[PDB]
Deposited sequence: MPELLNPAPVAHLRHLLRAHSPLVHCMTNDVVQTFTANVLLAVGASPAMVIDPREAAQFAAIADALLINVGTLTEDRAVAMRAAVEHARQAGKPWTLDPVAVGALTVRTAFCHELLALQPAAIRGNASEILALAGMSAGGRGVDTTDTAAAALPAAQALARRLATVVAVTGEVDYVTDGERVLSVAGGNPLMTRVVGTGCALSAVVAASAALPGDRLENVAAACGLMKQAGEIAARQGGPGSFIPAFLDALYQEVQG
């Protein structure tokens, strides 16, 4: 299942249009390259519209949102949707920051294939993980989307079924962008064949499995190269 997703990512080499935050660009691109996918960060509004039609999948991560970037993200989402390409939302700090929250609420109309966030963010988007489970189900139902609430245990739901994924290591939280990079791999996984819910759960399992390996060294510095090595 994780093994299957791994083989699939390599065989399809999904081309992922990443519109993500300033802190995680490099790490996201290297995670995607390590699993055999192709990252591409295109942020000018016109280029983004052009490219989102071409890419296999689109990721929207609002971690360092600005108004200019929001314009280009909205154009990207519209062109992806028009072209039948699945897009993934990562609502970083929604619920904590007003503008972000308003923007993501507006993007929900545009029918993401998947939403990947923490409990607080999922709870905010819907209006501890366990507490977010009802909200995630409701979101998945309203939008016919797959919702992943990530944490020490990840929970993935299509609004009917719910899958839990345990493993990994707390050290992953002391490394920036592991969640942001998980969303990119989830975004890629949505362009792959199979049950979407199950592919998103496998993506969570893939990242946890790499993380458990990488965490063995014991430190967050050495974690990064080992994490990337484990993905490849």
Original post:
Counting from 1 along the deposited sequence, which stretches lack C-alpha positions?
Top reply: 1 to 8, 136 to 147, 253 to 257
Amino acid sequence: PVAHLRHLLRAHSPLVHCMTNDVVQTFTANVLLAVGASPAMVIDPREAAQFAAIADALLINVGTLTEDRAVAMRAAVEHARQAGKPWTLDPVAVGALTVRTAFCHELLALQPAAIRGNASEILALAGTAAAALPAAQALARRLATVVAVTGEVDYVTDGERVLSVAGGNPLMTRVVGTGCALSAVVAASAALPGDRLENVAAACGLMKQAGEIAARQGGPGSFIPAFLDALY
From here on, numbers count along this sequence of modelled residues.
Subject >> Higher-B stretch (mean Cα B-factor, as the entry records it), 186 to 194 or 27 to 35 >> reply: 186 to 194
**OP:** State which stretch shows the higher mean Cα B factor in the entry: 65 to 73 or 166 to 174.
**Re:** 166 to 174
**OP:** Among the candidates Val92, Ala144, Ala148, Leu89, give the one with the maximum CA B-factor reported in the record.
**Re:** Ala144
Original post:
Among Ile122, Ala114, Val156, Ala129, where is the Cα temperature factor highest, going by the PDB entry?
Top reply: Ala129
Original post:
Taking the entry's C-alpha B-factors for this chain, is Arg10 in the lowest, middle or highest third?
Top reply: middle
Subject >> Relative C-alpha B-factor of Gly218, binned into the chain's lowest, middle or highest third >> reply: highest
Subject >> Cα B factor band for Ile54 (lowest, middle or highest third within the chain) >> reply: highest
